[PDB]
Amino acid sequence: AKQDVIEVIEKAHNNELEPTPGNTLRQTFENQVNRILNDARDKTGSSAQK
Amino acid sequence: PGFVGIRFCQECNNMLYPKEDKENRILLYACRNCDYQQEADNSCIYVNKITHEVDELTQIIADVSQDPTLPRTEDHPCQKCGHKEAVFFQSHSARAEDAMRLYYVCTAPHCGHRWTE
Amino acid sequence: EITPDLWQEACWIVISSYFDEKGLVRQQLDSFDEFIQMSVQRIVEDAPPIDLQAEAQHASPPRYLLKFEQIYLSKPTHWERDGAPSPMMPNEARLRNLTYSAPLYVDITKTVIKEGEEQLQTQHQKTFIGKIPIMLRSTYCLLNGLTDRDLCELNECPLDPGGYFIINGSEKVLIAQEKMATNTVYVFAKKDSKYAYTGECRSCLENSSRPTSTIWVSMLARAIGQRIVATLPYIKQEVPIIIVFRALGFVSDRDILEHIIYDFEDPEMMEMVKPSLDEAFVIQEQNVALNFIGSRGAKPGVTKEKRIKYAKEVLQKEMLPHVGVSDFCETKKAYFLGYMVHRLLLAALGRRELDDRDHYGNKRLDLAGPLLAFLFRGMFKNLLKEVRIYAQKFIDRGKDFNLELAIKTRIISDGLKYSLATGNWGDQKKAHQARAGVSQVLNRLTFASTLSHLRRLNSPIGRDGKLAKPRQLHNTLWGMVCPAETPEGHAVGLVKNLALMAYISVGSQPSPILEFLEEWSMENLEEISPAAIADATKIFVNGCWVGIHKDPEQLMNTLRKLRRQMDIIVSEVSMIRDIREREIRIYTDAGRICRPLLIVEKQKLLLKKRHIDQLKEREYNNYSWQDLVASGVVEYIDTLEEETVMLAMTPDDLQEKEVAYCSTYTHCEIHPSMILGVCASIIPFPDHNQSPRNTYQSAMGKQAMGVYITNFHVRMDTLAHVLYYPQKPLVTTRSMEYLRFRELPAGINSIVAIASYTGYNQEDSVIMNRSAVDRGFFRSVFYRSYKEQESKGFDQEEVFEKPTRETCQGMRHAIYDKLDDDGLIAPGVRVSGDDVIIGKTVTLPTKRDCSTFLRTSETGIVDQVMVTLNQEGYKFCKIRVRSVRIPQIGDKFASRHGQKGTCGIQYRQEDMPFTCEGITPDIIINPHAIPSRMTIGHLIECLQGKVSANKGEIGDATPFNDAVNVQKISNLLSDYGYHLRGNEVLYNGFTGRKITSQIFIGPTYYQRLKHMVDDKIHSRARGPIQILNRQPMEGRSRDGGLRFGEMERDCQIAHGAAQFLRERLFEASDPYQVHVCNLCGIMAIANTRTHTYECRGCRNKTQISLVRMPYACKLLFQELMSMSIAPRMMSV
Amino acid sequence: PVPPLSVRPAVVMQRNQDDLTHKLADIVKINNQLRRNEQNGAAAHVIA
Amino acid sequence: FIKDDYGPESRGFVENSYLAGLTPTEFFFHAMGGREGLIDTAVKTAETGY
Amino acid sequence: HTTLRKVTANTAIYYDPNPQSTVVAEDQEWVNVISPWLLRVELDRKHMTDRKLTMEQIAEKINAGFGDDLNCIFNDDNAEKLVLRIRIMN
Amino acid sequence: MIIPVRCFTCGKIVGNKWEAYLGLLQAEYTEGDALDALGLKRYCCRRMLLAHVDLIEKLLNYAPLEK
DNA sequence: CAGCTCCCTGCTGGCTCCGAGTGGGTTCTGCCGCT
Ligand SMILES: [Zn+2]
Ligand SMILES: [Zn+2]
Ligand SMILES: [Zn+2]
Ligand SMILES: [Zn+2]
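Okay, structure coming up:
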């Protein structure tokens, strides 16, 4: 998850990240980061319950 | 396009204002205090950039390189002097519509080079 | 040399040195000392001399100056016309309800000229102004520098931190008050207003009598558009800035623009500055602009030359005092105002960003020093403006005057005493206007509570406000304000305590910094032209723009070099270089909150093995924290300088060759656990808990009962709570030895079993061991003190005696034989509710008693009785009563993790579960309190406590230790014959069958809180009644009744119990009957014994109705009739 | 209308009068002063 | 944290659990997060009761 | 809702003594062609083709809002640059 | 204040062990060796001396009320 | 047809509101003087 966040940051820095329609670059970067972190937290939680 | 810049009266050092010399049909800048006139060389009075496509490199200054709190990378070298280490950061500017783009400043002082990638 | 893997001891050794050299109330002590040393001197000297004439003539007048200086202050003294004066012991002041104050003296020189050109000046040395209350353990307190043996000889606690005032024998603590920093420019953008951006700079001279004269420079929010205005103090309307500059003295326009836009090649600045320029092309010279400002003034002059002078005075003194008030400071004021406008334009263009209001770099702390300075200045001005009145009253007749009679010594001392005793910070006339909450009564229930109250900040913003932004924990609170510790009530985030190593700057003169600055290569504003001001950097000193320097680098290094050797710049001064924006600011004022940080060169600390060694052998080499600072190893960094610096949490883990993150560190933290406060530094494993749990523990640490002070037996104090057998925790943080928690602990290391035994702990409650309580577990004693003084009229003399029934008229059924014939009880007598303690009677013009009765349902024993004389020379008695509080069910108990709970049942040792051995848990808590609260720190504490009690070592629970974890603790426990995860096989105490599940059990440090149930339980059955409305009284002490409030009324409506609602609100509170006329609904007059019922205004006397009413309803009707409203109640 | 003693009770030696009783005392003071001035002096200025 | 650090550790993500403990940055961030809920609990009452 | 701020890049005014002179080099005005002080606004293709407008629609909106107090001279939708010039009639 | 007479949990007498415990600590003995030299096998009894703070000594530094 | 009258709209300043209870504590209920 950290590697994915880092590479998303890289894509945003190299202007390689296309803004989501209906959102600006800042909020779409925020959305990607939040999605990655929430997916990581959900997967770790599910592994815990398993 | 360019930007129009205010320049001042040589007599009383005040702001010129645009005027039309109706007889010659030529633009004249007139001080409302004194009778001084001068012919304008730009022919433009007012410019307003609504899209505000701004080159932040002009507002970036060289001494930002010695900031201890800025990140440092050797992956991107400087172009004139080829210095290995470079300091990079984001816009740090309000009303940056959509910009996560990094602005780089070269260390090894007296270089002060600034670029964008 | 470099110190590897010895950090865990080196950092705590240097922390111990810091807490040895500096105490825990160091900010209080330093602020008060600096106040009474220099700020009182400057306040008393800068006051102008008063010259006073006669009434302009006598027949068809000379004056004098009376100037004084050179204040003198003496040590506290006590006796008046009865013996030769003697020093006041602070304990004596506490006992006799005196004010532990010190007299201050001045020498005055009154020089008087009358006629003939002959000048005689008479100087009066040691003139008495008043007595200033003085802080304990201060540099002029009588306990200064005394050894522990001497402090014990004086019945003082060696562990008492001091830092508080004794006034009327009550400890007062000046709570630090936050405020916006002064002399600094803030650009804000309020949402809904006529203007978009506004730049304010509240300004103050070096502690002048003038208040914060705040000036706003604002920009309109949309023809032409975006004009710039500047609302000015003592000016009713906003004034365009260009008019302000022309009034200030700049006739031209290029000169004005040279002070705002520093580089003329930037046309974007010009395009926004010209809309304000073209607004004011009708004013061209200074005098018309002065007239324009004067017309807008609060006091508009009638003629032109009066407005000119008024506006000139406003520009000279009201606007921007900190940049200078002198004959010619126009250029400097213009430069600073143009800088303010430039700052506003930078925010408008987006070149910079808006300043944050919650950024505690922008905040300043008003400690005892600054607060007492602000209040003493006003009282001193009031004293001068009455010396002047006395002088006028004698010189109008012109006979002579006496300065000894002129000086009213009452005003200064009484103002200080009133302000510190009440908390209303200001003049007594404006009690409602002055802000309250300052100088609270010191909380003396636990030593940790006392430390927390002595280290506390306050945000003077309105409470009960829906704007949560001020209340939120700001990022700049790292290491200077405890994140966990804050009250949970309506003061969340507003009342915040102080971090451990956080220190508040005390202030010093910036003049040495000024002379140092002016001699390297910088230029003052008057010397240079704005041609070269754009490429260079602007220097600010205490917020005033001093000059310009071409080379920011190697001057920043020079300033740091001097500060690291303390050559000219003291350690508290902070130098801040903004780099992307060219400002370089130096701050020296008081109230800057700062904390010590290590110095880091290339990638190595300046702290070395030699430093650690020579400081470890302290008390012989005396290499103290001050020597460590002088070595250039540590610096004090405030929030401003913390913005422009790069820190590392741990030198070992963050300064090494690896995948590079920064590799450009500048400072390192001594230990991250120092970001906590005092009450939050006693939490074991606080990073293993949910933060609201830590906040609740920081709140309840002030309520845990223990030995709150060593001299609690000499300390005659109301509501004193001490535990029989306090214990230092088995598992502790390394920060407790600096809070002295292991010397005055509040709690007992109980063996808890987190299990559901019977169900009496289900909802967050707890079972206690009855046998342990019998053995003395959490047993405490409650001290309550009763005071009384005899006196008050010409013949109504109060006297202590045994009231005798035939002599005194009014008496309770209480037995008075327990009193001795002097009117008091001898110590050691059993007492109970409604038992007389102080027999006091007043002469009746036979006699009526005013005897003090013991508070109902207390039922204690008198401990000691003291008799003395108050400051009025009347007999004064204080009596302290012991009452032990055996832990019963309902008593509120809590752990060090915010797991509170009242005892639900107490089982004996036989009824209590037990291990394979005879170990029965002292405490059983519900396991259903862990999973939602998530106090994993509680479980780790319970594990480490067993590990420690088996190993013989004291457990270590430093928050960020990283050298101990659950796996290591489990492996250590497994070596002692126990299950590695702390679980044990308990047996049922009743049946003997072993419990199917295995019980988690181990020693955990529980605390007993002050919230006993015997202090809260009360009932009522037609008790006492209020006087205004005949409803039941309010309060447990007054035998009052509970409030059947507006929501309970609504709940009964929803139940549809109308008869019960009427019973509650009518018969159970105040049944009453009134007589009302049938013709007019006005209350009539009833004479029941003669049965004569007449309603005047009608002359009926025949048709009269009786209606049953609540007394509150009758009194509402009477109030309405007093308001001329006529509520007429016809029964038809 | 002046409210009765029940609306504005006076406690004994804290006798201490009520906050409304003090205002009523001011009312009667100024009413008597205004009355006596308006017959005897009739200055028509201090009356305002 | 270095300037303009949008990484998970630099903006409040806590990759540690309540067992491993919180690194001091994560502890401060969690305290600041819980402070918001604590403030909301007190502020909400004066509106809800009204 | 769309204002003309949303679609324009920058706005500039000049003093052209003759509309025929074309102080700015624009052959479109040369081929297309009474006040000397004129107005010039540059739009962008991005928002223009996002919201599907035309220079004809913008010009007719101007003419309806302000009447025949001004004449808009717009470049065709063929050049890379999006220009419309504004005068004021007498 | 003073060492409790009995352990709260166990009830084993601990009141007589404090002075001997301090004497043993006034030697090479560690706490873990002093506790079981005094015969404290259960940690309930061990914590009684291990975590005890002896405040009676700080209390005795003050002059008494009488003479 | 130009000038005067009136009714509507728009905008600004002003007033009232801001959980339920509960336990404690504290100071404060004027002072100067002048007949
Ligand atoms: Zn001119
Ligand atoms: Zn370079
Ligand atoms: Zn009637
Ligand atoms: Zn035991």
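Sequences listed follow chains A, B, C, D, E, F and G, in order. Residues 709 to 758 in the deposited numbering are what the first sequence lists, from first letter to last. Residues 9 to 125 in the deposited numbering are what the second sequence lists, from first letter to last. Residues 16 to 75, 81 to 242, 251 to 819, 821 to 874, 888 to 1174 in the deposited numbering are what the third sequence lists, from first letter to last. Residues 254 to 267, 271 to 304 in the deposited numbering are what the fourth sequence lists, from first letter to last. Residues 810 to 859 in the deposited numbering are what the fifth sequence lists, from first letter to last. Residues 1163 to 1195, 1207 to 1263 in the deposited numbering are what the sixth sequence lists, from first letter to last. Residues 1 to 67 in the deposited numbering are what the seventh sequence lists, from first letter to last. Even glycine gets a Cβ: it sits at the ideal position worked out from N, Cα and C.
- Collapsing the DSSP output to three states places C:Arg859 in a strand.
- Linking C:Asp170 to C:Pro178 through their CA atoms gives a straight-line distance of about 9 angstroms.
- A Cβ of chain B is located within less than 7 angstroms of the beta carbon of E:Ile811.
- Taking every protein chain shown into account, the CB of C:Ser480 has 16 or more other CB atoms within 10 angstroms, so this residue is buried.
- Following the DSSP letters along the chain, one finds C:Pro973 inside the alpha helix (DSSP H) bounded by residues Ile972 to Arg975.
- At a cut-off of 7 angstroms between C-beta atoms, C:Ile903 does not count as an interface residue with respect to chain E.
- Residues of the region 1169-1181 of chain F with a C-beta atom less than 7 angstroms from some C-beta of chain B are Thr1170, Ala1171, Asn1172, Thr1173, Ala1174, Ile1175, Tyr1176, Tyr1177 and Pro1179, listed in chain order.
- In the DSSP assignment, C:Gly150 falls within the beta strand (DSSP E) that extends over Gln139 to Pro153.
- Contact annotation for E:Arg820 against chain C: no contact, minimum CB-CB distance about 11 angstroms [criterion: below 8 angstroms].
- By the Cβ neighbour-count rule, C:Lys497 is exposed, with fewer than 16 other Cβ atoms within 10 Å of its own.
- Taken through DSSP and simplified to helix, strand or coil, C:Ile439 comes out as helix.
- Chain E places a beta carbon closer than 7 angstroms to that of C:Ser719, counting this residue as a contact.
- When DSSP states are grouped into helix, strand and coil, C:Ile417 belongs to the helix group.
- For G:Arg46, the uninterrupted alpha helix (DSSP H) run begins and ends at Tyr43 to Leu50, by DSSP.
- The C-alpha of C:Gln654 is placed about 45 angstroms away from the C-alpha of C:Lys920.
- Taking a C-beta cut-off of 7 angstroms against chain D, the contacting residues of the region 1146-1170 of chain C are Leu1157, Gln1160, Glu1161, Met1163, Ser1164 and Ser1166, listed in chain order.
- Checking the DSSP bridge columns, you'll see C:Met1125 partnered with C:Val1118.
- Non-local beta-carbon contacts of C:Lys637 in its own chain, meaning distances under 6 angstroms to residues more than five positions away in sequence, involve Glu16 and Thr18 in chain order.
- Not one beta carbon of chain B lies nearer than 7 angstroms to the beta carbon of A:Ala756.
- At a cut-off of 7 angstroms between beta-carbon atoms, F:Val1185 makes contact with chain B.
- Interface criterion not met: the Cβ of D:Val265 is under 7 angstroms from no Cβ in chain C.
- Listed along chain C, the residues sitting closer than 7 angstroms to D:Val260 by beta-carbon distance are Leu1157, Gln1160, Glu1161 and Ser1164.
- The closest heavy atom of ligand 1 lies less than 6 angstroms from the beta carbon of B:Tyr44.
- Under the three-state reduction of DSSP output, A:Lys710 falls in the helix class.
- Short note on B:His91: C-beta closer than 6 angstroms to some heavy atom of ligand 2.
- For C:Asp802, the enclosing alpha helix (DSSP H) begins and ends at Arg798 to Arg803.
- Take C:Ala843, set aside five residues on each side of it, and the residues of its chain with a beta-carbon closer than 8 angstroms to its own are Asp863, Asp864, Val865 and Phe895, in chain order.
- Look at B:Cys52: its beta carbon is at least 6 angstroms from all of the heavy atoms in ligand 2.
- Pairing F:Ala1187 with C:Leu343, the inter-Cα distance amounts to about 53 angstroms.
- E:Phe838 is outside the set of residues whose beta carbon lies under 7 angstroms from a beta carbon in chain C.
- By the C-beta criterion, the region 988-1000 of chain C is judged to be in contact with the region 744-759 of chain C, since at least 3 inter-stretch pairs fall below 8 angstroms.
- At least one CB atom of chain E sits nearer than 7 angstroms to the CB of A:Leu745.
- Using a CB distance cut-off of 7 angstroms, C:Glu765 does not count as an interface residue toward chain G.
- The beta carbon of C:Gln951 sits closer than 6 angstroms to the beta carbons of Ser799 and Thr962 from its chain, once the five residues preceding and following it are set aside; these are given in chain order.
- At a cut-off of 7 angstroms between C-beta atoms, E:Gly843 counts as an interface residue with respect to chain C.
- Contact holds between the region 612-631 of chain C and the region 531-551 of chain C, because three or more Cβ pairs, one in each stretch, are under 8 angstroms apart.
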